Amino acid sequence: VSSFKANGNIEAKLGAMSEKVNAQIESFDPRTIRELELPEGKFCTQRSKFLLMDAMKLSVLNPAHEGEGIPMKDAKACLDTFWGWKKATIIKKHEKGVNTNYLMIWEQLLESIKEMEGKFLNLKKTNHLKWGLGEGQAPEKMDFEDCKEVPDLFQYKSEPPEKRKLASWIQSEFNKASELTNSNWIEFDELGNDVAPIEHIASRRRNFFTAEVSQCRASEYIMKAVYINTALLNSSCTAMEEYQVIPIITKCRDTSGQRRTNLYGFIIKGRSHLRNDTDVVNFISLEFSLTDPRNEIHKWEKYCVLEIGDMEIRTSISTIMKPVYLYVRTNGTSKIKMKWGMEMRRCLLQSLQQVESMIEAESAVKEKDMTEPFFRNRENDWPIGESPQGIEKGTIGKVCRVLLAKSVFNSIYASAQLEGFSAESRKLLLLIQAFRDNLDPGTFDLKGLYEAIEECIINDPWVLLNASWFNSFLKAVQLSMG
Amino acid sequence: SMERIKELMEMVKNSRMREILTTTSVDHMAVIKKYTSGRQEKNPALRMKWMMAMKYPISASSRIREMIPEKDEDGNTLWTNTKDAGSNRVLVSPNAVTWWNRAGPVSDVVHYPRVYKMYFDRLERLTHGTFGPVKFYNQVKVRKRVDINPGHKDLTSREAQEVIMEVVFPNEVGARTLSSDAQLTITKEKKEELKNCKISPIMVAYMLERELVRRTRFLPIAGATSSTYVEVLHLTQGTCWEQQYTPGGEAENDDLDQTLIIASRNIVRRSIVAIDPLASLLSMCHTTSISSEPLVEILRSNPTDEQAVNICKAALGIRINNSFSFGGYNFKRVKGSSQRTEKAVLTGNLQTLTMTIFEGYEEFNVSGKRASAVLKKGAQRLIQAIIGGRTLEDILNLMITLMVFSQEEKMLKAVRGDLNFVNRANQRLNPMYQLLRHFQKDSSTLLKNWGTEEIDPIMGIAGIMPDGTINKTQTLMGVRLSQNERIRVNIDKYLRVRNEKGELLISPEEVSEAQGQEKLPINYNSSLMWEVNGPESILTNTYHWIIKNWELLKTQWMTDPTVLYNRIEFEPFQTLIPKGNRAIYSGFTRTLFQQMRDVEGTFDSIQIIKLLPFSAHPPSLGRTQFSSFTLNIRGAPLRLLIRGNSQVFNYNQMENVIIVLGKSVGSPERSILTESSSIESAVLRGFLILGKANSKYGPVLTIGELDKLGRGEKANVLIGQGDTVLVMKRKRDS
Amino acid sequence: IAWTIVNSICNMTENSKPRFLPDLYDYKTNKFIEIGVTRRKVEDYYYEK
Amino acid sequence: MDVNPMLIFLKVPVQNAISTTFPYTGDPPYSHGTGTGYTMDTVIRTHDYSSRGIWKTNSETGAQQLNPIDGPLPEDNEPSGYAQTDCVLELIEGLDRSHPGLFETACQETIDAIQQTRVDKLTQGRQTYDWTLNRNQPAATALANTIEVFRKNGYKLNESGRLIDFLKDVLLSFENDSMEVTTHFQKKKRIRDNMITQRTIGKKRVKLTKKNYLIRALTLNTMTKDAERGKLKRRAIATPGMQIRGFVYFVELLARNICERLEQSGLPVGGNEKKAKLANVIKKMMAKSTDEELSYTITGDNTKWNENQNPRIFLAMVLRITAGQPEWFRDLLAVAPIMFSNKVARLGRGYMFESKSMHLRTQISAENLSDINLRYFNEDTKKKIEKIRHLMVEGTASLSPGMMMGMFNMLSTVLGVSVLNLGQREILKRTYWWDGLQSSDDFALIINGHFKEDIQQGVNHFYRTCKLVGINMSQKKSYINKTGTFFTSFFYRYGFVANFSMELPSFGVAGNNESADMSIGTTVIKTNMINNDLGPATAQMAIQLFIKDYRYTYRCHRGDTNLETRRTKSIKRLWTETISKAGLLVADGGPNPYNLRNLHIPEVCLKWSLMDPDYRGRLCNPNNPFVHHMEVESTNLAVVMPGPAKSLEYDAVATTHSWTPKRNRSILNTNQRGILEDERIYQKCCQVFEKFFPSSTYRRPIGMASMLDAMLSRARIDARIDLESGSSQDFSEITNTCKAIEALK
RNA sequence: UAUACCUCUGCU
RNA sequence: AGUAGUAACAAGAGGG
Ligand SMILES: [Zn+2]
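Procedures and definitions
- Residues numbered from 1 in each chain as written, not as in the entry; some residues may be left out.
- Chains lettered and ligands numbered in written order.
- Part of a larger assembly, values for the part shown.
- Heavy atoms only, no water.
- Near = heavy atom within 4 Å.
- Polar contact = N/O pair within 3.5 Å; in protein donor to acceptor, adjacent residues only side chain to side chain.
- Helix = DSSP H or I, 4+ residues; strand = E, 2+ residues; numbered from the N terminus.
- Pairing = 2+ DSSP bridges.
- Contact = heavy atoms within 4.5 Å.
- Axes fitted to C-alpha atoms, helices over the stretch in contact; angles between N-to-C directions.
- Salt bridge = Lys/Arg side-chain N within 4 Å of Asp/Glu carboxyl O.
- Buried < 20%, exposed > 50% of the residue type's maximum accessible area, 1.4 Å probe, protein only.
- Core = buried A, V, L, I, M, F, W, Y, C linked by side-chain atoms within 4.5 Å.
- Parallel < 35°, antiparallel > 145°, perpendicular 65-115°, else oblique.
- Left-handed = near helix turned anticlockwise from the far one by under 90°.
- Nonpolar A, V, L, I, M, F, W, Y, C, P; charged D, E, K, R; others polar.
- 1 Å grid on protein atoms, 1.4 Å probe; cavity = no way out; pocket = protein on both sides within 12 Å on 5 of 7 lines; lining within 4 Å.
- Points joined across faces, edges and corners; volume = space filled by probe spheres on them.
- Domains from an automatic or database assignment.

- If you check the header, you'll see the entry was determined by X-ray crystallography and the resolution is listed as 2.650 Å.

**Quick word on the protein's contact with RNA strand F**
In step 1: Every one of the 47 residues lining RNA strand F counts as a neighbour, but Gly-134, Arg-271 and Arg-329 of chain A together with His-32 and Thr-197 of chain D are closest to it.
In step 2: The sugar-phosphate share of atoms of RNA strand F within 4 Å of the protein amounts to 67%.
In step 3: Contact between RNA strand F and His-94 of chain A: a phosphate oxygen at 3.0 Å from a side-chain N or O atom of the residue.
In step 4: Here a phosphate oxygen of RNA strand F and a backbone polar atom of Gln-137 of chain A are 3.3 Å apart.
In step 5: Mapped onto the surface near RNA strand F, the elements with two or more residues apiece are helix 4 (127-132), strand 10 (280-289) and strand 12 (319-334) of chain A together with strand 7 (196-208) and strand 12 (351-355) of chain D.

**A closer look at the sheet that holds strand 13 (residues 382-386) of chain A**
In step 1: What the three strands build is an open sheet, ordered 14(A)-13(A)-1(D); its pairing is antiparallel. The outermost strands of the open sheet, each flanked by one partner alone, are strand 14 (391-394) of chain A together with strand 1 (2-3) of chain D.
In step 2: Relative to strand 14 of chain A, strand 13 of chain A runs antiparallel, the two sharing four bridges. Bridge assignment links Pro-383 of chain A to a residue of strand 14 of chain A, and that residue is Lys-393 of chain A.
In step 3: Contacts between helix 11 (residues 396-412) of chain A and the sheet are confined to strand 13 and strand 14 of chain A together with strand 1 of chain D, with strand 13 of chain A contributing the most and set at about 60° to the helix.

**Section: the pattern of salt bridges**
In step 1: As enumerated under the stated definition, the model contains 108 salt bridges over all chains in all.
In step 2: The residue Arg-320 of chain D makes a salt bridge to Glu-93 of chain D at a minimum N-O spacing of 3.9 Å. The same class applies to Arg-320 of chain D and to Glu-93 of chain D, which are both buried.
In step 3: Here the salt bridges do not stand alone but share partners, grouping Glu-66, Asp-189, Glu-190 and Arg-345 of chain A together with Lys-548, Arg-551, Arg-558 and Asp-560 of chain D into one network.

**Looking at the nonpolar core**
In step 1: Within the largest apolar cluster, 213 residues are counted, with the highest numbers of intra-cluster contacts made by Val-408, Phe-409, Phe-421 and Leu-428 of chain A together with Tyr-116 of chain B.
In step 2: Apart from the residues lying within four places of it in its own chain, the contact partners of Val-408 of chain A are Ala-218, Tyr-221, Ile-222, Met-344 and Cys-347 of chain A.
In step 3: Among the nonpolar cores identified, the runner-up in size contains 158 residues, and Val-31 of chain B together with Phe-329, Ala-397 and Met-407 of chain D belong to it.

**Some remarks on the packing of helix 2 (residues 85-98) of chain D against helix 12 (residues 411-421) of chain D**
Between two packed helices, what matters for the description is the angle formed by their axes and the separation of those axes.
All names here are of chain D.
In step 1: Their axes nearest at 9 Å, the elements helix 2 and helix 12 cross at an angle of 70°. With respect to each other, helix 2 and helix 12 are oriented roughly perpendicular. In this structure, helix 2 crosses over helix 12, and the sense of that crossing is left-handed. Residues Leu-91, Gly-94, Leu-95 and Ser-98 of helix 2 touch helix 12, and the partners they reach there are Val-414, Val-417, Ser-418, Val-419 and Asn-421.
In step 2: For the contact of helix 2 with helix 12, the class distribution of residues is five nonpolar, four polar and no charged.

**Describing empty space enclosed by the protein**
In step 1: In this structure, the largest cavity encloses a volume near 220 Å³.
In step 2: Along the wall of the largest cavity there are 16 residues; nearest its centre are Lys-49, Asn-229, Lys-337, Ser-411 and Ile-412 of chain A.
In step 3: Among the elements of the structure, helix 7 (217-238), helix 8 (335-342) and helix 11 of chain A are those that each provide at least two residues to the lining of the largest cavity.
In step 4: When residues of the lining of the largest cavity are assigned to their parent elements, the largest contribution, four residues, is made by helix 8 of chain A.
In step 5: Partitioned by chemical class, the residues of the lining of the largest cavity number seven nonpolar, five polar and four charged.
In step 6: When residues are assigned to domains, the lining of the largest cavity turns out to be shared by domain 1 (24-43 + 160-215 + 343-482) and domain 2 (44-137 + 216-342) of chain A, each giving three or more.
In step 7: Lining the second largest cavity are 15 residues, with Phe-507, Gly-508, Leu-545, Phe-546 and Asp-549 of chain D positioned closest to its centre.
In step 8: If you list the elements that add at least two residues to the lining of the second largest cavity, you get helix 15 (514-531) and helix 16 (536-554) of chain D.
In step 9: For the lining of the second largest cavity, the element with the highest residue contribution is helix 16 of chain D, accounting for four residues.

So this is what it looks like as structure tokens:
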């Protein structure tokens with residue numbers, strides 16, 4: 001090494017090396033390339049921790065703050081607003097479960113409520129509840145020596161997930177999540193008074209954002225998520241051995257500024273000796289809904305749906321009475337899962353930072369605060385949808401809600417698949433962008449990238465939907481370009 | 001001095017730890033201090049959310065049990081007896097922290113803002129700050145290393161450590177010297193300020209550490225780069241906006257001087273381009289303000305010596321700082337300029353001095369005592385010195401003074417021994433005076449090493465030899481012996497500064513084309529100037545104005561283009577072009593435009609927009625080809641390609657936007673422009689581009705090889721960006 | 001320690017901090033003491049130190 | 001109408017809406033079980049890439065050590081680790097050529113560093129594998145254990161108090177064949193009550209053979225990396241042992257001093273400067289070219305970066321870099337490459353089995369994978385168990401070729417840089433030429449030439465030249481386009497744009513304490529407004545949301561709210577008691593003062609004038625028991641992960657809110673229960689030492705002497721001068737005590 | 001063997 | 001059952 005001096009080695013070794021080792025640039029052209037390959041199999045089931053579009057609220061008028069009052073007392077209050085109860089019957093079964101136990105649990109819960117006093121409510125450990133909360137389902141731990149010679153002793157199943165197919169409902173969910181409502185869902189804490197002009201400008205711009213966003217249905221999901229995950233974490237930590245009831249509550253304000261308390265259903269926590277951040281809490285969700293599950297029975301594989309009552313509703317001209325269902329289920333979560341659920345409000349930041357950047361970019365070139373134009377000067381000029389007529393342009397207000405929904409759904413349906421798909425497809429989007437900027441893009445091994453992407457599309461509705469969205473984008477691009 | 005030795009006894013009694021106190025060394029004590037069972041938490045956000053749900057998650061010293069009650073008024077338990085893993089510390093509730101803050105022991109803390117000065121100075125500047133209006137425009141930012149610690153009394157880490165040790169740990173100080181008043185005054189002042197403040201020494205040391213030593217960081221910054229402005233970047237700049245703001249406290253002389261030069265330079269370079277530069281300059285001087293202070297009242301009171309500044313001072317009638325004094329004598333510079341350069345140099349004793357060496361030809365009238373001289377100086381060179389005086393001694397004194405002032409290698413080479421002279425107030429004089437008071441006491445070797453010329457005899461002129469003798473035809477290198485008012489300076493329309501004898505002192509062309517980034521904010525209130533500072537601004541706004549007013553200018557391009565070219569909106573753009581290129585650029589451009597008109601059918605408005613501002617100058621009749629125009633921007637010259645997109649001008653069709661230096665200047669006309677199917681003219685002088693190259697016309701040529709073709713002959717040419725094209729020489733001549 | 005001694009002494013007097021470490025210190029006259037033993041004569045080491 | 005947010009990209013360029021392609025608001029992937037399957041996968045793949053190499057059994061270990069360097073040249077685009085020593089040395093030489101006297105000063109700085117470096121410096125840093133306990137431990141302990149063992153055996157040069165002397169001992173320790181180490185085990189006694197069993201820990205001395213100790217010293221632990229984004233499948237990461245740390249420190253310190261002075265080096269600078277370097281190279285590449293030339297940029301990722309980088313080559317590098325330097329310095333640095341060349345890897349926890357019929361589960365140690373029937377496992381697993389057994393030794397597995405994540409740094413980047421440095425016009429002298437920036441596997445490369453085929457030649461030349469030194473560009477994940485757009489989640493589009501979504505996880509309650517979290521929270525918002533284009537409106541909302549999270553997390557809601565927690569009452573007492581409400585900290589039920597202009601001002605500072613004098617006297621009472629006095633070097637510090645792990649400094653005033661939460665207690669049940677007492681005792685000795693040397697908390701006291709002697713010597717003079725020039729009965733009492741103690745051994 | 005209890009642990 | 005996803009949780013350890 002000390003006495004080494006290069007005469008011309010790399011060129012010699014280069015000459016020696018096989019010609020098969022090359023980096024051939026294949027020029028990139030979107031008009032040529034194919035759509036992504038979506039998987040086949042049974043349709044993807046709902047996997048959220050609570051009902052999204054199909055949820056139903058028993059609400060009451062209540063001037064309290066956001067988070068004041070005993071939740072169970074507020075729950076009892078909401079329970080009263082519904083008159084037309086019934087004896088509970090099973091209308092849609094949970095194919096893999098002892099469905100009678102769900103029915104017993106509902107009645108048990110409903111009675112334990114009627115008979116309680118105080119703040120907290122712990123359910124008695126009945127066997128049909130034990131079953132639903134997975135009591136004792138952990139195989140007992142043994143030294144290897146004492147079980148060396150058992151026939152069926154294997155390592156835990158470690159195969160990749162079972163592939164699933166893209167259903168229509170996940171797109172429907174996003175369509176509703178991306179919509180306005182008639183209730184203020186988000187209540188922001190106070191701020192130091194504005195002094196600098198830019199702080200006045202900020203607050204002026206911030207009011208618009210808060211308007212378009214606080215009423216968006218995705219924000220309601222944020223609050224349900226923050227409430228549920230907070231309640232569960234705290235309950236999990238404090239009451240490790242008890243089966244604690246947690247009512248699914250949110251607070252909001254009418255368009256009149258009138259404060260309202262909404263009850264969606266209940267949650268029944270299992271035991272929670274959580275150690276590792278992945279460790280699981282089992283629980284039982286019990287949520288109200290008008291939606292007939294049988295009209296989309298694939299969406300509800302994991303659910304056992306009861307019918308529990310009836311109520312009247314008015315249409316535009318006509319008016320008719322409909323039945324109310326109780327979507328019951330056993331579900332699970334982990335410290336890390338609900339830690340990130342507690343923080344779902346940051347979804348607001350992801351959306352609004354994108355929007356604000358767009359507003360600012362135009363404000364720069366126009367040399368003027370382009371906020372009031374963008375929001376008040378109403379113009380549909382951002383592609384954000386596809387109808388039979390074709391591509392549809394939306395307003396900046398709509399874009400806020402679309403981007404907020406995207407962020408919120410990225411949180412609700414977090415997954416290694418999404419993590420992978422998002423990472424790899426980004427490269428393809430950039431390659432498409434590069435061509436569209438006429439920068440003469442080139443790829444070395446494209447089908448390796450396609451496989452890298454496609455490997456990540458397995459069974460997650462959100463991932464599947466994003467894969468679809470990418471194709472619809474690809475086609476949309478190919479059309480206007482070709 | 002007791003309870004510590006009692007404690008130590010009670011400890012040493014126990015063999016458990018007397019083992020340790022004897023076995024483990026003072027070095028190894030550092031190792032066993034960090035010896036812990038505990039892990040660096042991986043997910044503290046999760047853990048804290050988990051733990052705050054628990055009753056007793058906080059750990060506090062056991063003395064808490066004596067200090068605060070076990071149960072509070074409402075029945076809350078404040079502390080328990082369960083001890084924290086690996087500590088003599090107990091587990092307590094957050095209600096303990098609150099009880100303390102509402103009923104615990106009160107302490108004296110009113111001097112704490114002296115300790116946390118670094119923090120409270122942030123508030124101080126903000127509380128006394130003034131907000132202006134918010135301007136919206138393309139905010140270009142330079143990623144640059146800058147100071148983060150405003151009020152950093154600059155001294156190196158160990159130099160600060162010494163000072164800290166002195167103040168908080170006086171007896172347990174190490175064993176080093178206190179360099180100078182730099183450290184001493186800080187130590188005494190900080191010791192005075194922190195006089196008996198009841199607070200942990202560790203905090204005092206820590207705050208001092210954060211306070212004294214410099215800290216820098218790479219940050220994207222637009223405008224003022226001074227520390228106090230860096231402190232509030234988040235408040236003062238955004239993607240598309242500037243929040244005009246002046247922080248409390250007064251500016252720094254160095255910063256003021258620095259930004260003054262930058263302003264004056266810009267004013268000068270702008271004025272040059274205008275008609276009646278002198279009129280344009282005076283206007284800008286009266287309108288411009290630095291850090292919300294009149295540029296004029298600054299120039300009235302500022303001693304800065306710089307060519308652009310002096311041009312402004314001359315224009316405004318303020319006297320230029322041409323004069324100074326050194327070694328007792330008074331120096332007045334009659335021509336040249338002080339081009340200074342910081343350097344380190346070795347004496348004859350191989351001692352390293354730190355000089356502010358001057359470059360360039362300079363001429364001085366030197367007068368003092370009983371001796372006067374004319375001095376001609378080069379970079380570390382005595383070109384000529386003609387000296388006269390009432391006594392040979394007085395002459396020789398001035399000769400020495402000048403031979404020093406020369407900063408020649410000879411004189412430095414000649415310095416034997418070390419230089420450690422110290423002025424009256426125990427002040428160490430600068431190297432220039434050090435070298436003086438040296439040779440003034442011993443100029444023996446200096447004269448032996450200086451050297452001697454033979455020279456031609458001239459009446460009234462004599463030479464001087466190193467032994468003190470006078471010689472008619474021999475003399476020390478550069479020295480001649482031979483037996484005073486404030487000069488009236490004038491300046492003309494075009495900013496040439498002349499003396500009363502009609503000789504050139506300062507030329508605006510000689511002003512350094514250096515685009516350094518200002519320290520303090522500069523605000524021009526001039527129509528001649530764009531709203532924003534810097535060349536990037538000039539580009540973006542220039543190309544922005546064109547697009548906003550496109551249709552109005554497109555017709556103007558057809559009818560009466562000579563007027564379009566003389567639009568004074570194109571003037572600040574010209575400053576970005578080198579002096580000696582504007583004419584041929586504008587000529588080359590104007591002819592390319594004419595070709596587009598002569599040759600009907602061909603039309604490329606984007607090409608027109610791109611090149612239009614280059615047309616704003618009296619053109620030349622040159623016939624040279626150009627593949628790109630150069631633009632001097634932030635030092636490095638950028639090349640705007642004539643054909644197609646560039647880093648400077650980039651038309652993006654996907655966005656339908658012109659992008660200038662990465663910044664959108666706007667969307668060109670609705671769609672009209674994307675629909676421009678044509679064959680390309682207005683790229684070459686007397687040539688037309690007619691699509692892809694065809695090999696039938698032989699081997700490909702280059703732009704330099706296009707003065708050997710018949711009028712009508714078609715040929716292949718490497719036109720740019722690795723593109724060959726078919727080119728035809730047109731018959732007529734625009 | 002030694003430097004802590006030096007500093008401790010100079011802090012409770014008006015004595016300047018010596019550059020090198022002395023060997024003893026007289027309290028009555030308040031004088032830092034540098035002892036010098038040698039096989040050579042005396043003036044050599046005296047004027048050396 | 002069906003909504004599709006990707007359709008935004010029809011109008012908006014992808015870079016400008018890149019925030020939508022980053023799902024960073026949901027929990028990232030986490031590994032539930034063990035990383036044995038991943039460790040084995042790595043170890044297999046590593047060899048499988050070098051399969052054509054030369055196998056040899058190690059003399060001192062018996063490990064099946066594979067050597068691919070100077071092996072056959074590859075002949076396919078698959079990943080390969082067959083680098084070439086002479087080809088490396090050529091690049092390293094060229095790098096020397098292009099930077100006159102860089103290696104000189106680089107080494108020189110490392111020399112002064114080595115000479116001056118205390119042993120203390122090794123207590124800093126990430127956790128290390130403690131060969132003593134066969135588990136990962138904090139550096140401070142992992143070191144202290146090794147030193148104690150060295151001391152109990154015949155090694156005590158480190159007693160000097162300088163890293164190199166400790167570093168010497170490590171090489172000598174390889175000689176002592178019978179290394180004596182103390183074990184701890186759980187015994188059970190019998191207790192009577194005025195009779196029940198009792199648990200208690202006992203110690204058991206054991207001696208290890210050369211074979212063992214040498215392996216344990218060359219052992220590198222393995223784990224699954226968690227919370228990793230962008231990826232479907234988990235990866236295995238590695239943790240080094242206590243032996244090789246000291247050397248790696250100096251090799252990295254050298255490689256750092258090298259990297260600090262290279263334009264094409266992305267390390268060790270921050271994002272703002274990385275972008276400045278990327279700007280510089282583009283500016284330079286465009287200025288250096290002619291108007292009739294092309295420029296292409298390739299967005300670059302190197303596939304299987306660590307698996308295909310060889311310690312032997314690192315040896316070649318370290319030697320060639322040090323060429324002409326003192327041989328003790330030449331040898332000292334060469335250690336780590338060698339120790340890595342002969343590195344062996346632990347295989348984690350092992351596996352867990354499950355009986356459906358019997359409803360039971362069981363654990364099996366990785367060591368047992370040698371002696372185990374393969375009826376339990378599945379195909380992919382049992383095949384891996386097969387392939388690994390040929391390499392497996394003494395529980396661990398030999399890993400001569402390649403590297404693993406989390407072992408070594410910087411020097412690998414110096415390899416990549418030298419290939420970039422090769423691309424100068426003045427070196428290549430072709431119709432094409434190149435330049436760029438690189439950090440680890442990530443690289444951006446600008447290739448210029450006269451024609452598109454000219455560029456192709458440059459791509460291939462660069463690509464093959466990389467292979468000749470064991471660098472495999474990813475043909476799947478790397479791509480190329482005309483210079484204009486293209487690096488480590490930075491996105492350049494005629495200039496660097498913003499990527500705010502990357503930082504979203506940092507917007508929350510950091511969970512250090514009430515005091516630190518407030519400073520971190522506001523600063524996060526502040527630095528993003530500056531660096532990642534977080535606008536005013538969104539930043540205000542960010543303040544709002546943080547306050548909401550801060551208040552809920554710490555149960556410190558405003559004193560006038562009607563919520564009900566465990567604190568609301570005590571916070572209410574305070575609120576009523578208080579006269580100037582605005583002075584109260586958010587942690588004490590006060591109002592949020594913050595807005596865009598305040599973000600850089602600590603809360604206590606910001607509210608100082610508005611505080612009740614009693615309240616602030618209590619709040620900042622320096623005698624409060626909630627804080628525990630740190631050291632200057634650790635004051636106001638927290639830990640953050642962007643990179644592997646880093647310290648984050650924050651600005652805050654020490655108050656009663658500057659507390660630390662409870663420690664983990666699981667260790668109480670384990671055999672290491674005594675470490676708590678060790679810690680409890682060790683601290684108490686420093687607690688009193690500091691009373692004798694308050695200076696020790698600021699600067700570490702350099703001294704080789706009995707801790708007690710130092711305390712006594714001062715205890716005398718303090719006691720004396722406190723009288724001499726400051727009662728003699730107290731003085732005599734102190735001296736009597738000083739002597740009285742000193743008598744006791 | 002089963003049922004009750006009791007103690008320690010919740011990143012080790 | 002359910003969580004989950006290339007391997008785990010569905011309490012672990014002890015009073016054996
Ligand atoms: Zn609140």
